[PDB]
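K.L.:
Need coordinates for the below:
(6 chains, ligands or ions: 3)
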Amino acid sequence: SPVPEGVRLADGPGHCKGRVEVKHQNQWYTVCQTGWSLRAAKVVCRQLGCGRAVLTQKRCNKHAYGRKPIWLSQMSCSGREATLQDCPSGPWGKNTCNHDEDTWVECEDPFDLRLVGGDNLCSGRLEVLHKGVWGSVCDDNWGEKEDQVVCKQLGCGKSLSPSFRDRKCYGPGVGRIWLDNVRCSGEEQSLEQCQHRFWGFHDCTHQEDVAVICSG
Amino acid sequence: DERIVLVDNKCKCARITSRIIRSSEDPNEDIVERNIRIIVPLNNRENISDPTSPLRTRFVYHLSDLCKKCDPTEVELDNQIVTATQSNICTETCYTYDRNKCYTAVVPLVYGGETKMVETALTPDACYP
Amino acid sequence: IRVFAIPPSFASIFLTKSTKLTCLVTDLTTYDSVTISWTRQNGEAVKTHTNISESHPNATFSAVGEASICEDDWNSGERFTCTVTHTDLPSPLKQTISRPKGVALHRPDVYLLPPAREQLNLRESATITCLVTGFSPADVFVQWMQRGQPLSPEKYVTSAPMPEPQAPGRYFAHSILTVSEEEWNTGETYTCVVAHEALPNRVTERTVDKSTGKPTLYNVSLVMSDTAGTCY
Amino acid sequence: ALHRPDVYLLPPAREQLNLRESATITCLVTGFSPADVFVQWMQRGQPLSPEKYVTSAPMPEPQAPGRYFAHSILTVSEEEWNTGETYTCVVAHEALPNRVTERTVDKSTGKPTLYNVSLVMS
Amino acid sequence: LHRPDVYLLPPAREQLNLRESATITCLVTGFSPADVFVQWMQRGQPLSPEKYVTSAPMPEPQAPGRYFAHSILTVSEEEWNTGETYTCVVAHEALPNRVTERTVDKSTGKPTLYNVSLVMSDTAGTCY
Amino acid sequence: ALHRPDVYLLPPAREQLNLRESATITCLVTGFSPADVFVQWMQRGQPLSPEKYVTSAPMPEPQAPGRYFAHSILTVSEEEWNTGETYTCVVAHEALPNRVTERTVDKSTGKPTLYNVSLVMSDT
Ligand SMILES: *[C@@H]1O[C@H](CO)[C@@H](O[C@@H]2O[C@H](CO)[C@@H](O)[C@H](O)[C@H]2NC(C)=O)[C@H](O)[C@H]1NC(C)=O
Ligand SMILES: [Ca+2]
Ligand SMILES: [Ca+2]
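P.N.:
Residues are numbered from 1 along each chain as shown, chains lettered A, B, ... in the order given. Ligands and ions are numbered 1, 2, ... in the order given. You can find the structure just below:
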């Protein structure tokens, strides 16, 4: 049986949304396996690295030009397993695609962060990308532990504890306060891996923002 | 370690903890305890952002509006991810000040005739500009 | 011969994300000469999916036939009908289905009732109750969870909506979950997820636990000071 | 195999009363066989009208085969519930000794509480 | 740079008995250097430069390098008995926002009695 | 002419004592003429060094012409003050009949009389 070389998610806005297109040896075709739970969508999203699977559904075919043939094996995958290579597949046989429907999948935008307002980077206001928008992080709880996690992710070195005397050189923000009550205990790898309140809910003002100055 | 914090309000300085004590040995005869700790200010006034407001000598503490959850949570349904409303009940008065917050005011300053309004710090230290 | 055609409720639409139509046929003799057909309002044919189940004690056969049409056509108000032909029946049967229109939307309330005190003294089992009420129309989906993982369906039973005697145009339903007594005394947590069309976010959640219930003691403490004008 | 059913009453939800519209009284009866049960609602020894409660239907218990169960709910006014009126859920089953069993709850139904109030003056 | 501290002392109890006038003092201490600017107000109305006096800063014998000064304001006995409010405003470089203010009246600052009322309802509500 | 000075002693502020650092007292002498005033301090009947209190020169009073006023400031450790000691201010002027007048302040100066408190518990 063919081994998937990759997934591309064509016919969708960007490459984190669209129709599931398994790369068959040489020419590739669309797949409509039954029991398409979110577990397989999570592995599909992890193939591209977009982020977390949010939704999967099969859409009615009304002159959608589904020229791509269909596969002949199932892909029962536990979701916590590795790439599509390491999940069992049926021994060829017939297809489970009775109703002619395309499989849809909706991944999420990847995370990103930066410092704005500081010279030669490694300093300034904190902006985090989510839902395709940048925003500020509240300073209600900003311990020294929460400062070093941001610094190493951008490779700016250990923070030098600049206090608030030089934190007035960046000013306030205008964007939405995405994060609040951030509590980072361990190093982890990303700020999103910490415990926060929620995306979009806060009790802060643009005057109270977070400024992080690393070594550089 | 044996107590779990339910609410940690700062405006009303209210804190509620619950704990189960293994009294006797029958599992059906263990008491459930609810502790409430309230600190009331005797010098703060009606409006904490206006020094001219009169003094406050009446405090009301509703426990139904204190132990309330108002933040959508994520729920997995094996086919999608949705946001769920915790409560349907969701202008509250702040009795005391908050350390994590800054309180400022506008005051007229006269000198040589000209009047320059300047931002003040009602709180002793709080945060810095 | 009896033919039942159930429409797809919004509860199925929420989870399956697919609108399918089923025409249950009961008391069938010859399954080699039957045809489950689905047609539109003009006469166009729709591709069907007929599956024959196993045998029955009363020497009858059950026919299950799915027809799939996406929600854009169905929610617009178009009418469908089911036809079952049999060589023993001189005339094919006609059963039509469609979704009603013109009903107001009222937000439902969620109530969780802890187990009775007189039940846990037997050291046998407990019973938690999830109550949803005052909603229109009569469509509701209730599912129980524990630690973020769905429970086995058998552990709980959900009933059909029933009218409310004291308020016209409003309904209610119930859900019952059974758990061990030692599990409840340990302090595990449970969750009742309820979905209805009239909700602001379409999904609501409540949680019950032994610790956060009715407390025997209320150790209230009040401290008065003339200098503590701020709280961290 | 005739079995004696067990009747359990549920006191109304406190938040429902807090919002001050009505109250919900549940009569949960399980563990009877065969499927033959009749529940009624009486107040102060006087049976209420059939239009006051809604009666469920027998349906098998998935956990223990051969057992059926149902329930009945009666809505009461908030002022009527607060005034101290009593309610009961009389049940009838052939397997019962006297064919009549009763469970009764009230507002006072519960466990006595305590209040360890402390008023610190400094 | 040292942040100064401000305290107000209410008029003496045995001064009001004569029913002549009341005196309020604004003590600012612990600052360097020795240039301060104190202005009195009455419920948002700046007061005249003549009703209050101020003293030049003097060294503190206890801690060298920190100074102090005070401003004295007089008021009518009936005006203070009515319950009017007064404010003390000090300007110095050491402050974060560079200006601070404090407020005193009859009910606050060495009062006669304390009247408190407390209500605690919905003590058996839903917590979850 | 001559006039009788009046002596007022003011206790330390509550907010300063809450910081548990130090306490200060004030001895206000006013309504007197001419400018010749000699003020000391005492503690349990014995005098203290002149390095622990500071006095000011007379300044004309804008309100009543021909009247002067002066002030003295003394520093006290909050813990000592909280022990319960007594402090005395002595003012010496030529217009007073006996040339000497004294005032005393304690920790208990300004303690309130009534603490009316009521509590309501409505389990509604
Ligand atoms: C308590 O004081 C605040 C501050 O004065 C009041 O809110 C301010 O109202 C003025 C106009 O009257 C605005 O210029 C300010 O922007 C407001 N403050 C804020 C933070 O927005 C408030 O109304 C007062 N409360 C009461 C009950 O009088
Ligand atoms: Ca802050
Ligand atoms: Ca916060």
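
K.L.:
who's in contact with the closest residue to ligand 2 within chain A?
P.N.:
Residue of chain A nearest ligand 2, by CB to the ion: residue A:208 (4.0 Å). Where C-beta positions appear, they are placed from N, C-alpha and C, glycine not excepted. Shown in contact with residue A:208 (CB atoms under 8 Å, 6 or more residues apart in numbering or on different chains): A:138-140, B:102, B:127.

K.L.:
switch the cut-off to 7 Å
P.N.:
For residue A:208, the contact set (CB atoms under 7 Å, 6 or more residues apart in numbering or on different chains) comprises A:138-139.

K.L.:
Ok, residue B:32 next?
P.N.:
By CB under 7 Å, 6+ apart, the contact list for residue B:32 reads B:18, B:20, C:211, C:213, C:215-216.

K.L.:
per-domain residue ranges of chain B.
P.N.:
Following automatic domain parsing, one gets these domains for chain B: B:1-96, B:98-129.

K.L.:
now swap in chain C and tell me
P.N.:
For chain C, automatic domain parsing gives the domain ranges C:2-97, C:109-208.

K.L.:
what's the closest of the ones you listed to chain B?
P.N.:
Checking the domains of chain C against chain B by CB to the nearest CB gives domain C:109-208 as the closest, at 4.1 Å.

K.L.:
what's the span of the closest one, first residue to last?
P.N.:
Start to finish, the residues bounding domain C:109-208 are 16 Å apart (CA to CA, to the nearest Å).

K.L.:
taking the contacts of residue B:32 one by one, which sit in strands?
P.N.:
Among the contacts of residue B:32, DSSP state E puts B:18, B:20 in strands.

K.L.:
Most neighbours out of the contacts of residue B:32, which is it?
P.N.:
Highest neighbour count within those: residue C:215, with 20 neighbours (other CB atoms under 10 Å in any protein chain shown).

K.L.:
Pipe the domains of chain B into a markdown table and attach distance to residue A:23 per row.
P.N.:
A markdown table is the format used below for the domains of chain B (distance: least, CB to CB, whole Å):
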| stretch | distance to residue A:23 |
| --- | --- |
| domain B:1-96 | 25 |
| domain B:98-129 | 52 |
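
K.L.:
Check chain C for the residue nearest chain E and tell me.
P.N.:
Nearest residue of chain C to chain E (CB to the nearest CB) works out as residue C:212 at 5.2 Å.

K.L.:
So which bits of chain C are right by ligand 2?
P.N.:
For chain C, no residues are found near ligand 2 under the criterion CB under 5 Å from the ion.

K.L.:
any idea which residue sits dead centre in chain C?
P.N.:
By CA atoms, centre = their mean, chain C has its centre lying nearest to residue C:141, at 3.5 Å.

K.L.:
How about it, nearest residue that isn't a chain neighbour?
P.N.:
Closest residue to residue C:141 apart from its sequence neighbours, by CB to CB, 6 or more residues apart in numbering or on different chains: residue C:11 at 3.7 Å.

K.L.:
Enumerate the positions of the helix or strand hosting that neighbour that are buried.
P.N.:
Following DSSP states H and E, one finds residue C:11 within helix C:10-16. Of the residues in helix C:10-16, C:10-11, C:13-14 count as buried by neighbour count, 16 or more other CB atoms under 10 Å in any protein chain shown.

K.L.:
can you name the two of those residues that are farthest apart?
P.N.:
Pairwise distances across the buried residues of helix C:10-16 (CB to CB) peak at 7.2 Å, for the pair C:11 and C:13.

K.L.:
Is stretch C:144-157 in proximity to chain D?
P.N.:
Yes - Stretch C:144-157 lies within reach of chain D by CB under 7 Å from any CB of the partner chain, at C:154, C:157.

K.L.:
Show me how far that stretch is from its chain's centre.
P.N.:
On the basis of CA atoms, centre = their mean, to the nearest Å, stretch C:144-157 sits 14 Å off its chain's mean C-alpha point.

K.L.:
Show me which parts of that stretch are buried, residue by residue.
P.N.:
For stretch C:144-157, the neighbour count (16+ other CB under 10 Å) marks C:144-145, C:151, C:156-157 as buried.

K.L.:
Looking at the residues you listed, which are in strands?
P.N.:
Residues of these located in strands (DSSP E): C:144-145, C:156-157.

K.L.:
Which pair of those residues spans the longest distance?
P.N.:
Farthest pair in those, by CB to CB: C:145 and C:157, 16.1 Å.

K.L.:
what's the closest of the buried residues of stretch C:144-157 to residue A:146?
P.N.:
The nearest member of these to residue A:146, counting by CB to CB, is residue C:145 at 31.8 Å.

K.L.:
residues touching that closest one, list them.
P.N.:
Neighbour list for residue C:145: C:151, C:191, C:193 [criterion: CB under 7 Å, 6+ apart].

K.L.:
helix/strand/coil for the second one?
P.N.:
Put plainly, it is residue C:191. Here residue C:191 is recorded as strand under DSSP: H, G, I helix; E, B strand; the rest coil.

K.L.:
Residue A:147 belongs to a strand?
P.N.:
No - read with three-state DSSP, residue A:147 is helix and lies in no strand.

K.L.:
Straight-line length of stretch A:31-46, end to end?
P.N.:
18 Å.

K.L.:
How about it and chain B, touching?
P.N.:
Yes - under the criterion of CB under 7 Å from any CB, chain B is reached by stretch A:31-46 at A:37-38.

K.L.:
Just give me the neighbour total for residue 95.
P.N.:
Using chain A. By the criterion of other CB under 10 Å, residue A:95 has 15 neighbours.

K.L.:
actually it's chain B I care about, not the one you picked
P.N.:
Neighbour number of residue B:95 under other CB under 10 Å is 23.

K.L.:
Give me the three-state assignment for the closest residue to it other than its chain neighbours.
P.N.:
Excluding the flanking residues, the one nearest residue B:95 by CB to CB, 6+ apart is residue B:12, at 5.4 Å. On the three-state scheme (three-state DSSP), residue B:12 is labelled coil.

K.L.:
With residue B:38 instead?
P.N.:
Counting by three-state DSSP, the backbone at residue B:38 sits in strand.

K.L.:
isn't it right up against residue B:63?
P.N.:
No - between residue B:38 and residue B:63 there is no contact under CB atoms under 7 Å: 10.7 Å.

K.L.:
And the nearest residue to residue B:44 once chain neighbours are set aside, how close does it get to residue C:82?
P.N.:
Distances taken as CB to CB, 6+ apart place residue C:229 nearest to residue B:44, at 4.7 Å, with adjacent residues excluded. With distances taken as CB to CB, to the nearest Å, residue C:229 is found 74 Å from residue C:82.

K.L.:
go on, residue A:123?
P.N.:
Distance from residue A:123 to residue C:82, by CB to CB: 70 Å.

K.L.:
Residue C:206 too?
P.N.:
From residue C:206 to residue C:82 the distance is 39 Å (CB to CB).

K.L.:
With neighbour numbers in mind, choose between the two.
P.N.:
The residue with more neighbours, out of residue C:206 and residue C:82, is residue C:82; 24 against 20, by other CB under 10 Å.

K.L.:
check contacts around that one.
P.N.:
C:3, C:5, C:23, C:38, C:95.
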